Each structure stands twice: as structure tokens, then as C-alpha cells.
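Chemist: please find the sequence and an experimentally derived structure below.
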Amino acid sequence: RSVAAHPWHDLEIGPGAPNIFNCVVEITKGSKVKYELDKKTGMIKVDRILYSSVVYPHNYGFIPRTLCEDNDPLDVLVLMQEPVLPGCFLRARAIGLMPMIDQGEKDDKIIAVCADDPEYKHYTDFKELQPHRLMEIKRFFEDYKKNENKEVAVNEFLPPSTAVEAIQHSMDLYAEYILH
Amino acid sequence: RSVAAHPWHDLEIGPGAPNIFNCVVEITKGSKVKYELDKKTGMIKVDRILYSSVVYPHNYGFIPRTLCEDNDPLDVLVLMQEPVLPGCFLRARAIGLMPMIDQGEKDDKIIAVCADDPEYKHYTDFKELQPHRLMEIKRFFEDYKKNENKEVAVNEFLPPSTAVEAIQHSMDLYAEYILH
Amino acid sequence: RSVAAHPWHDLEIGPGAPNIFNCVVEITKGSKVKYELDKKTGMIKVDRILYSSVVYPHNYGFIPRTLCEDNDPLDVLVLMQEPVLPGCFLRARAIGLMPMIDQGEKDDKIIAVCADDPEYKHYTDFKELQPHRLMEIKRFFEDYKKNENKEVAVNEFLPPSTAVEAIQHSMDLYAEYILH
Amino acid sequence: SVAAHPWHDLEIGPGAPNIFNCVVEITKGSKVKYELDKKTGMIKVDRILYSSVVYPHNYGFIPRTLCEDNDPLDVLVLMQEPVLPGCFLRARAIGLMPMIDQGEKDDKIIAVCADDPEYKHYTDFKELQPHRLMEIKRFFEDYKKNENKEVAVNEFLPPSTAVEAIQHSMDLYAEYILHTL
Amino acid sequence: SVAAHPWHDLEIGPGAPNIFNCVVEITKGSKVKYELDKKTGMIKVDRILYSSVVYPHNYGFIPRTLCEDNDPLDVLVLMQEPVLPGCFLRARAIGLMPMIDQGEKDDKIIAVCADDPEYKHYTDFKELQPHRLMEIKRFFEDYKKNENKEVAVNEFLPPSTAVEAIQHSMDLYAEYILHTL
Amino acid sequence: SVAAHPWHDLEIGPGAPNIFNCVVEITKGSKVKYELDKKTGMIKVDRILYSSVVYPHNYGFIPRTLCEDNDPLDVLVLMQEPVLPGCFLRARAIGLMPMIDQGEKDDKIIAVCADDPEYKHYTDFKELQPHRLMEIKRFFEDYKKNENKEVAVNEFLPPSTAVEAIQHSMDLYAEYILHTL
């Protein structure tokens, strides 16, 4: 009786959006493998194994039914007790925006917590996190593509309100451009 | 040339049912993450991280093309040598029924063994298992939702014949109610 | 806006084929679980837990849009730094063909490296690998089904050119026979 | 020097009782109840746990301590990473967890690793998320249930009280080392 | 006490020869052939296994035992959980596995952990599923094949025979400790 | 014998300086900076790493060696499998990695396990894939960055130079053991 289909297009962003949204995990916490979602098939592909001896600091993925200036969905880093599998989805609250420039191109990402993790669900601002946790995250993105000669600048994190604007705008943009 | 589709609806229960059936794994042995199947998309979602420091004692999941009084498929706990991934399916023989009341509502589940695990496939009754293994399982369900203030009573396990009745009835019920 | 569908049929073999091809992983490096792809649903199933205390020496899987005399796609063993999940796909370069007879029936398989692993991507011939790595692999296939009374003979590995012929031929065969 | 029996021959550390060395018996997420053998100083499997439960954090004991139960003072250690049995690390106390193990008092220390850059800046159990405490409480309440042993756990007390209990257990250990002469 | 060389300074235990302490060299699922260094008593990587195989259970040896091969009596230990190298645990013997390692007899003990609530109630290898035995047999038959070493494995014998072999190896160890004087 | 402090009481081995025993402090893929405690000879958590990085290979030190930094000579060990902290193994040197850790020279050895059937036949770092070297170089360049410590790493030098550095560090260790008298 039901659809069975493509996580970008066919997974609702969720009724709590943009504050709380569904989020499809591409990469697990601790992974050296950079999975990404194949836009055409909706399968998970290995984009690459990472060039440095680094691992993703948290579960990482994208928000369905979003679109950015790069023609990709909006990416999210999700803090929570446990590692989660590629291809699963979860409910996440935005707590900040991590502004970045990836090879001279804007690529801001959301930092968030899982809304169904009983430890992490009560966070609302990244300022509430331990400052090291930010320094670690910021570093990861600075460093993860260094051995591919790709420069990534990371600025200071911006507040929840700002993140929510980005999500909201990417929802709008998906709905505008996806039809054609 | 083939379908590619929703594990509840589009996976046959299998020609050996109700004695031996297909079974879609939602949660791995040792997992603190409570995955479940999204009824609408057929994706795996994180329902929650568990509130206690407990882990699932075996691979856990549901039987496709079943339905119970709760509008959900019939759940199964699957004993076998190895942990199995969420979203995979396997062949399992019923060896008992574990009667439960979850917050004042009936929620009986099947206890089973993987029919293609060369160690576990020869079990036929849960009485054949070590009594501790039952005590552990029974405990897990008593304890796993305690920190959410949800009470779960677990009674003595009932035999294979009884489990098979439940599976059979849930097959029938799926076929009756799923059309409309 | 996109398909969302069956990895055998709906995943392109890729524009680099037959030299570099997409490859759907069924089994992870180190796994005792023998997953395989369900031809009908495109789900991953447990075919079996292995009968010996052996584990797969590398990520293992099949090439989409291939077909062999056995009515199955062509299988691949993929060397790379990291374990990869069942159901994901990756890009792989052929470096040899591993000729086998599985219970009196031909069942040649490809040996390959991940084209997006920055260590392994520069290999082009299996002769470039350490001879032990071959001896280990060869052994695995000789030994993995022994406890099921299934005899598997493995001959000396043949070069890249030969592997590429097999892939090419299986592409052709898929296109010939899949229509009807 | 020669090889060390960890209970006796590992210094508690310069910053004691506030910040102390700590020997890890059990890893975060383990179902194996390792403990350190009193006689050999090796690691022993005391038992595999009777429930489908796991230690919520790295667990062990403070060396050169002693309690009325004749064992060293136990510690739970919050930190980013799981740690091996047999290793020691530096830990700050941030609270004490009063318990009753079958009528016998068996208080434990809740602590953070002092060399873990995230966790080192915590100083009070109240700084942690309330769920973290709820989960730990429940773990001790539940982990021995299938052995038919009751364990009651009361409200956690501040670091000032923890430091006292640690000091008192250093005194007892010493008092015992004197009674060796 | 001081730190212990596990072979010599770890007691075999009060319940020997039926129930004995046992030092774990290799974890369930490991491809690393750890063994305990005779001289230092540390854990050494003897080798990484030559085939894509893994130890089907936790593996090690009984302390204060000795066999004609000049090594302690080896044990395979069935239990719910994997255990670390260097740890010891309590184990009941439930059978003996006769083998021939390149013409030399090298019998091993099959056992269960006595402190594991599931496995502790097994007393005979015949109580285990026949496949479990088939798999173990094959492991020893196959794990050294890529080193060109033949290992033959015969039908497993009952616990009465296992206990004898254990006793006999305690005698040899003792007989050797006498020949130290 | 009795239990061994691994730095002092573990022989470097018959094949030194070319092939040497080697004590593992840190497992491949670990974020925990274990090191061996100088005084107790136990394993200590020095710290949890400040970046989201992991050791690209098993890491440790050569026993009975000493460098100007007052620590033993460090080794990175390439092999099929991860290895536990506290274990030792046999390793061939195949290159040396010159570094500067905050103005201080802190050269390390790059090596393979000699008992690992795949890796044992490597004899020069140039036989490894260039990316492997790029990754290792970067690891040391980056792993202490969030502690505000600069580490410069220069081009790797051949095994002849590695063997010299090893020999020189055996001399220093010895020279120090003489200065004990």
C-alpha cells in the first residue's frame, strides 16, 4: 500500500521543520569512508576513502527536500550518544550553522543534535556545548580534505536562528527548482 | 526487470511460513540504537537511543505481510551466531511466543532462530535453550523502557505451536485489512 | 524527480566500464555473515552464516548489469583500506580474474581495487600485490564452503585483460538476456 | 623499577584527593565484569553480566584506597573514549554515588578524565545532563537483578563529599599498611 | 604481593583439575596469534595468521601445567563474550581434542567459563550443537595450512579423559619444578 | 622469571638493530594516546587526542633504547592487524621519519611486523605506496595542532639511516645504564 522510495525527494522534511527536521545519515561517527547519497539512484555510494588519517567526529548527512546554490541538499552534523548507519534517517534539532568556504565556494552546514537521543535532545544552542567540541569539529573540516589539495576555510559558528534561516531557505529553494 | 520496493509489503513472508518465515531486521544484537522501519517510506529510522544502559540481546525485527491489533507488523527476536544489519532480511524458524503487555496493551512477540545459521537452525523449542538465555531476554523487555516511565510486563513463554498461531493470524489479518 | 530502485538493474555499470565499474557490495571485509542480494526485491538477505570459522578477506559484491552462464551477476572481490557496508556501491578497477570451479560448475570472479581509495587506486595488476595476499585469497575460496561438503577448485589468477573480457562479456550477456 | 601490582604500587598521585590516578577494570560498553585480582594483580573475569546490560562508562578503582568492604574505592569515569582494562588514567572527582549493596554500604565515585580535553573542565555532577545521571543510577540499580541481589541507589552528593570519602579511603588504606608492621 | 608471571605465579585453582584458572592469549574472532612470552611473561604477537581465519573462541592456557611439547596445556573457552589477552578466568573442562601437529601430539582442552551464567551449566562436549564441534575441528585442521604445516584432528574425547590429561600436565609441571632443585 | 618492566627488562632481540622487539603503546585507529608509564611500567592514558584523528598504524617503542628527549625510540608498525597496548612484537625497520617537535628533534622509526606474512617482505619505505607516506606525514603534522604545538616533518630517510639511529639509541640506553654504577 505504500511508496518505497528516494530519500532526498520522498522523505518528508518533517512537521517540526525547520527547527526539528528529518535528516538522512550518509556517514557514521568514526568513519574514514566518505559515503554519499547517489542523486540518481538514491543508493549510498563510496565517494572516497579519506586521504588523511582522520575520522568523522559525528554522524553526518543531509536534509531531505533541501537544495543549496551548489545543487545539493543541505548537510548536517548530528551530535548524539551513538553511531548511526548510512541510509537511516533521524529527527534532529538545529543548534547552529557552521559557515565554510570549500575551494573558494560557500558551503555552510548545520550543526545539530538528535531529537530522540535523551541526552542530546535538550541542547538548543551550540554555545551550550563544551568549547573543545567546537574546536575539534572546526578542525576536522579544515583538515579532512588537505591531502587532496583542497582548501577549506571555517569561520565562527552562527546561532540557531541563523541555521534555521538556512534550512528554511533551502526548503524553499528545493520547492522552487526541483519541479524543473 | 524487477520491482525494487517496500520491505513490509513487497517482501514475501516466504513459502515455509508460518513455521519458517522471512524476517526484516530492524535492530542489531548489541545495539543501543532503537531503529524501526518507517511505515510510509520503508526506510529505517532512528526511533530513539535507549534511555537505560541496555543493549538488544539479539537481532530484532519484524515479519513482512503481518499485522496485529496495534496496526504494526509482528515483531521477532532472532537468535543466531552473528549480528545482522538493519534493513536486511533473513529466514527464521519460530521456537516460541513471548507474551507481553506494553503500557496496558497486548504486544506479544516471536522468539526464533535463523534457519540458515548452521548452529541455530536445529533448535525447535525455546525449552531447548539454556534457561539463563530466557531469563536474560525476559529481563531485557521488562527493563528497556523503564527510564521512559513505560511499564512492560512479560509472562512465561508459550510453545512453538502458539507462536505459529500468532504468525498465521497476523498473516490473515494483514491480508484482510491491508487492502483498505 | 528520480527513480529510487533496484541495484542490479537500475545502477549503471558506469562510464569507465569495463576497466572501471560500479560494484555493489554484498559482504564486508571480516564478515562471517554471507549476505547476498535478493534478485526479486533488491534487498540484502542473509543467505547464510558461514559453516567454518572463516571471514571474508575483503569487501565482496557484484557488478550491476552483468550476467553469467549461472543467471547471476558477475562477482567481485574489492581490495581497499576500509570495510564497506552491504548495499552500498563503489567504483572499482579490475586487476585480475580468479578462475574457479564451484561444485563442478565454472564460477570465475573478478579481483579489483577501489578506484576512489587513494592507496589502492594506483594498482593495475594483481602481480603488483604481495604474493601472500593472493595465497590468502585463493585459500579463502578453497576453504569457505568446505563444511557444507561443497568442493571449490581455484586456479592461478589471470591478468587484467582477461578480467576485462569477462566483464565485457557479462555486460553483453545481461543486455541480450535481460529483456526476456 | 620492577613491574607493579596496581592497587599497591601505583601512586594515587600528587593532586589527591581531588585529582587521582585510577586503574580501569572495565571498558565503556562492556558486558564482562573484569576486576583486578587481589593476589596476582592480573585482570580476571569475575563474571559475565547476568542481564543484557553494559557499563555506561569506563569503570575501575583508585589505588591505595580501602573501604569497609575490604576493596578499593570504585570509580566511574566519563570521557570521550573507551579505555582498556589494566590501564590507569588521571581523574577528577565530580560527585559521589551512595549505594546499598545487599544491606552493605558501597558508595562509588563519579569522575571525569583529567587528560581528556572535552571532559576535563567538568567539576560537578550537576554540570552533566540529568539523563546521564538517570542512566547511571539505573545501571547500578539493574545490573545485578538477575543474580537476585538488591542494590539501592540514593541521590548523588557533591564533590566536597566525594573528596571526603576518597580521603577517608586513603586513610583506611594507610591505617591497614600500618597494621602490617 | 608483587606482579605475577602468569604461567608460574597464577594458581591453577582450588577446583583443579576439573575447574581451573585459565589465561587468555587470544580473543574470539582474532586473526592475531598472540601468545605469552615464556621469558618476560608479556603478551607477544607470535604471528598474524596466514589464512583468512579467526579463532572461533577465546583461547589460552592453564597455568602451572606442562606437556611433552614444553609448553603449557592449551584451552579453548566457550562463553557469551570475547575476552582480552592477558586476562584469566575460571573454566570447567568438558572435553579434550586430540591433535597431531606435524607428527607431534598436541592435545587441547575444550572448556566453558565457569562464571558465565549461560555457559557454566554445560559439562560435556556432547551437550553442544554438533556444528560447533565441526567448526572447531575444521579451524585447527585449516589455520596453519598456508604455513605448509599439517594438523590432523581426531574425535573429541569425554571430560573424564580431559581431566586426566590436565592432571597429567600438572604432574609434569610439578615434576619439572622439582628438577629445579 | 618474574614480571617485566617492558622498557628495561624486554630484550631488544638477536637481530638488532635491523630487526628488533617493539612494545605497542597505541592501536591502529585509536584516538587514545596511551603511553607506557616510566615508573610503574603500566599503560597510562596520557591524553585523548585533541583533534578528530587516529593513529594510522600500531605505534610504540623499542625497549632498551634512549634518545636525547629522555624517552625510548618510537616506532610506527605497518601490518595487517591492529594490536593491543602492552604487547610486543618483532619488527624490521624500513625507514626513519625526521621530525621537529617544538624545536626539539624527535625522529621516529617506520617499520613492519616481521611475523606478519604479508608485510614481512617489505624492506624499504619506497616499496610502500606514496599515499601511505603522505598520510603518515600528515598525521604527525596535524595530531597535536589543537594543543597549539607545532610539529614539522621532513622527507623520510632510508633504512641504513634508520638502523644507525636505532644503534645510536641502543648506545645511549647503554651509556645511561653504565652511568647507574
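Modeler: Sure thing, it's come through. Numbering: from 1, shown residues only, chains lettered A, B, ... in the order given.
Chemist: chain center to the longest helix belonging to chain A: distance?
Modeler: Taking DSSP state H as the criterion, chain A has its longest helix at helix A:160-177. Put simply, helix A:160-177 sits 13 Å off its chain's centre (Cα atoms, centre = their mean, to the nearest Å).
Chemist: what does stretch A:105-123 give?
Modeler: Worked out by Cα atoms, centre = their mean, stretch A:105-123 lies 8 Å from the chain centre.
Chemist: now swap in stretch A:6-18 and tell me
Modeler: Taking the mean of its C-alpha atoms, stretch A:6-18 sits 14 Å from the chain's own mean (Cα atoms, centre = their mean).
Chemist: give me phi/psi at residue A:50?
Modeler: Here is the backbone geometry of residue A:50 (degrees, to the nearest 10): phi -70, psi 150.
Chemist: now the one 10 residues further on
Modeler: With angles defined as degrees, to the nearest 10, residue A:60 sits at phi -130, psi 150.
Chemist: so what's the single nearest residue of chain A relative to chain B up against?
Modeler: Proximity of chain A to chain B (Cβ to the nearest Cβ) peaks at residue A:4, 3.4 Å away. All C-beta atoms are positioned from the backbone trio N, CA, C, and that covers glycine. Going by Cβ atoms under 8 Å, 6 or more residues apart in numbering or on different chains, residue A:4 touches B:4, B:5, B:6, B:7, B:9, B:10, B:41, B:42, C:4.
Chemist: how about the residues of chain A by chain F?
Modeler: Within chain A, the residues that sit near chain F (Cβ under 8 Å from any Cβ of the partner chain) are A:51-57, A:132, A:135-137, A:139-140, A:143, A:146-147.
Chemist: top of these by neighbour count?
Modeler: Among the residues of chain A next to chain F, residue A:54 has the most neighbours (other Cβ atoms under 10 Å in any protein chain shown), with 25 neighbours.
Chemist: that one touches residue A:140, doesn't it?
Modeler: Yes. Using Cβ atoms under 8 Å, residue A:54 is in contact with residue A:140, at 6.5 Å.
Chemist: still on that earlier bit, now, which of the residues of chain A next to chain F sits nearest residue C:80?
Modeler: If you rank these by distance to residue C:80 using Cβ to Cβ, residue A:51 comes first, at 13.5 Å.
Chemist: tell me how far that closest one lies from residue B:169.
Modeler: 56 Å (Cβ to Cβ, to the nearest Å).
Chemist: now residue A:157
Modeler: Residue A:157 is 54 Å from residue B:169, by Cβ to Cβ.
Chemist: can you pick out the residue with more neighbours from the two?
Modeler: Neighbour count, other Cβ under 10 Å: between residue A:157 and residue B:169, residue A:157 has more, with 20 against 15.
Chemist: so who does that one touch?
Modeler: For residue A:157, the contact set (Cβ under 8 Å, 6+ apart) comprises A:96, A:97, A:98, A:99, A:111, A:126, A:134, A:138.
Chemist: just the element for the fifth one, please.
Modeler: Read it as residue A:111. strand A:109-114 (DSSP states H and E).
Chemist: rewinding a little: report the inter-axis angle for the longest helix of chain A versus strand A:109-114.
Modeler: If you take axes from the mean of the first three to the mean of the last three Cα atoms, to 10 degrees, helix A:160-177 sits at 110 degrees to strand A:109-114.
Chemist: by contact count, what packs against helix A:160-177?
Modeler: Secondary-structure packing of helix A:160-177 (3 or more Cβ pairs under 8 Å, 6 or more residues apart in numbering or on different chains; DSSP states H and E): strand A:89-98, strand A:109-114.
Chemist: is any residue of the last one near chain D?
Modeler: No. Contact of strand A:109-114 with chain D is not found when judged by Cβ under 8 Å from any Cβ; the minimum separation is 11.0 Å.
Chemist: likewise the longest one?
Modeler: No. Using Cβ under 8 Å from any Cβ, no contact is recorded between strand A:89-98 and chain D, whose separation bottoms out at 14.1 Å.
Chemist: hmm, that strand touching chain C?
Modeler: No. Using Cβ under 8 Å from any Cβ, strand A:89-98 never reaches chain C; the gap is at least 14.2 Å.
Chemist: which residue ranges of chain A form strands?
Modeler: Remark: strands assigned in chain A by DSSP state E are A:20-27, A:33-37, A:44-49, A:59-62, A:75-79, A:89-98, A:100-102, A:105-106, A:109-114, A:152-154.
Chemist: and stretch A:47-64, anywhere near chain B?
Modeler: No. Using Cβ under 8 Å from any Cβ, stretch A:47-64 stays clear of chain B, with a minimum separation of 9.5 Å.
Chemist: CA atoms only for that stretch, dumped as PDB, please.
Modeler: Provided in PDB are the C-alpha atoms of stretch A:47-64 (Å, rounded to 0.1, in the frame of the first residue of the first chain):
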ATOM      1  CA  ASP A  47      32.600   8.800  -2.800                       C
ATOM      2  CA  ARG A  48      36.100   8.100  -1.400                       C
ATOM      3  CA  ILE A  49      38.200   6.800   1.400                       C
ATOM      4  CA  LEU A  50      39.700   9.800   3.200                       C
ATOM      5  CA  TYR A  51      43.200  11.000   2.200                       C
ATOM      6  CA  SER A  52      44.300  11.900   5.800                       C
ATOM      7  CA  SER A  53      44.100   9.600   8.900                       C
ATOM      8  CA  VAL A  54      41.000  11.400  10.100                       C
ATOM      9  CA  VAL A  55      37.600  10.200  11.000                       C
ATOM     10  CA  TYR A  56      34.200  12.000  11.000                       C
ATOM     11  CA  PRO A  57      33.600  13.400  14.500                       C
ATOM     12  CA  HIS A  58      29.900  12.800  14.500                       C
ATOM     13  CA  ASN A  59      27.200  11.200  12.300                       C
ATOM     14  CA  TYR A  60      26.900  13.200   9.200                       C
ATOM     15  CA  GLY A  61      24.300  13.500   6.500                       C
ATOM     16  CA  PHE A  62      21.700  15.700   4.600                       C
ATOM     17  CA  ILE A  63      18.300  17.100   5.000                       C
ATOM     18  CA  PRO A  64      15.800  15.800   2.500                       C
END
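Chemist: lovely, talk soon.
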